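J.: Output the structure for:
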Amino acid sequence: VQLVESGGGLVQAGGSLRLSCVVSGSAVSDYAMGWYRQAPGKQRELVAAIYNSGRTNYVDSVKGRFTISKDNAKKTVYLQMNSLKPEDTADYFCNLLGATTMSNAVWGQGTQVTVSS
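T.: Numbering: from 1, shown residues only. For reference, the structure is listed below:
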């Protein structure tokens, strides 16, 4: 299962970006996926999750601003990031839900997001 992230950039506070994660195989159609982020020198954290049923869950700090969705045909998980804040600056990664909990997790290259002033 390969993970390929894209969509980062440098934007002003209040701006918007759309991250995408293309997954090989049928994992998007069969398993819950999550978007994670790690700011320099801080611990990686789950930002948004989308379950097999289509149900979603977000950390309180992004609720109402970020929206996670998926397209089974395109094997892609999206993170629409609106009303970006400087606290959202981080490297963003997507992976199976439960990959971070297990030991010896494999991650992709990620995509970098910077929200300036």
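J.: Look up which residues are beta-bridged to the residue sitting nearest the centre point of the chain.
T.: Nearest to the geometric centre of the chain sits residue 35, at 2.6 Å (CA atoms, centre = their mean). Beta-bridge partners of residue 35, counted by DSSP bridges, are residue 48, residue 94.
J.: pretty sure it is touching residue 47, no?
T.: Yes - between residue 35 and residue 47 a contact is recorded at 4.9 Å, counting by CB atoms under 8 Å. Where you see a C-beta, it was placed from the backbone N, CA and C, and this is true even at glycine.
J.: ok, now which ones touch the residue nearest to the centre of the chain?
T.: Going by CB atoms under 8 Å, 6 or more residues apart in numbering, residue 35 touches 19, 21, 46, 47, 48, 49, 68, 77, 79, 92, 93, 94.
J.: Can you tell me which of the residues you listed lies closest to residue 40?
T.: Closest approach between those and residue 40, by CB to CB: residue 92, at 13.0 Å.
J.: helix, strand or coil for the closest one?
T.: Three-state assignment for residue 92 (DSSP: H, G, I helix; E, B strand; the rest coil): strand.
J.: Contact partners for it?
T.: For residue 92, the contact set (CB under 8 Å, 6+ apart) comprises 5, 8, 19, 35, 36, 37, 47, 79, 110, 111, 112, 113.
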